[PDB]
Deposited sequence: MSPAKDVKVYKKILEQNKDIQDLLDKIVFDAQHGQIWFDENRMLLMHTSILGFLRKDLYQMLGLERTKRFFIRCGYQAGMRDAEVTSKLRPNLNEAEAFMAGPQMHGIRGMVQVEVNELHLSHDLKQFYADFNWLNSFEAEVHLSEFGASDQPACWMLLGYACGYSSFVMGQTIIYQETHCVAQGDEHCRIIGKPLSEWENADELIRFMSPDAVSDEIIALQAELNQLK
């Protein structure tokens, strides 16, 4: 009943248990335990730095988001930009990663304007960071954030960068993101700009 706005995404998702395949369009997916991701995060933290691991998860996110945008934009072009755009927050929820709540969204491909202010509820990534590292000094939703940048940059024609302003792992009540184009942030690896940015803010 309650899937009017996501059904077109769901119709692309095909479970084939008997042949060991899950498909989103012509792309295989895997059902995985969030706790195995936390294990992976920690083992990567141990082998490489905090920085390399961070950067691993952002670049991964970034590819996943770009890939999903490739898929979700080939279809849904009878709609206006905002309804089209919303596939990305919908895919994040459909994949089990985070619930997106929109505070603000303004965008125009042709004006090269973008500004997003979303809340992130029940982020899996924050959960597993607390589980492996305990309370954090910095925002923890690295993979989710690269996905946001990747999805959003593909859909716009340009580098959109997000910042996680509040994070459940830091003890905030929910997580929160803000997305603008690169140069709107005063003052390839766009993962270095995301990482560099979070240091310049406080």
query: Deposited-sequence segments unaccounted for in the coordinates; finding: 1-14, 202-211, 227-229
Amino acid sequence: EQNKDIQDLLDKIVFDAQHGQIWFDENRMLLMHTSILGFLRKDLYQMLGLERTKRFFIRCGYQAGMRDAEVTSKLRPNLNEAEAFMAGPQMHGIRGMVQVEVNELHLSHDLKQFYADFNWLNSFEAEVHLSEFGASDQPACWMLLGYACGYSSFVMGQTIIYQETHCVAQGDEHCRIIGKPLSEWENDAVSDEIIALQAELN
From here on, numbers count along this sequence of modelled residues.
{"property": "Residue gap status of residue 184, at least a third of other entries", "result": "no"}
{"property": "Stretch exceeding the other in mean C-alpha B-factor - 66-74, 37-45", "result": "66-74"}
{"property": "104-112 or 78-86, whichever carries the higher mean Cα B-factor", "result": "78-86"}
{"property": "Chain third (lowest, middle, highest) by recorded CA B-factor, residue given as residue 173", "result": "highest"}
{"property": "Assigned third (lowest, middle, highest) for the C-alpha B factor of residue 12", "result": "highest"}
{"property": "Third of the chain, ranked by Cα B-factor, where residue 26 sits", "result": "highest"}
{"property": "Chain third (lowest, middle, highest) by recorded CA B-factor, residue given as residue 127", "result": "middle"}
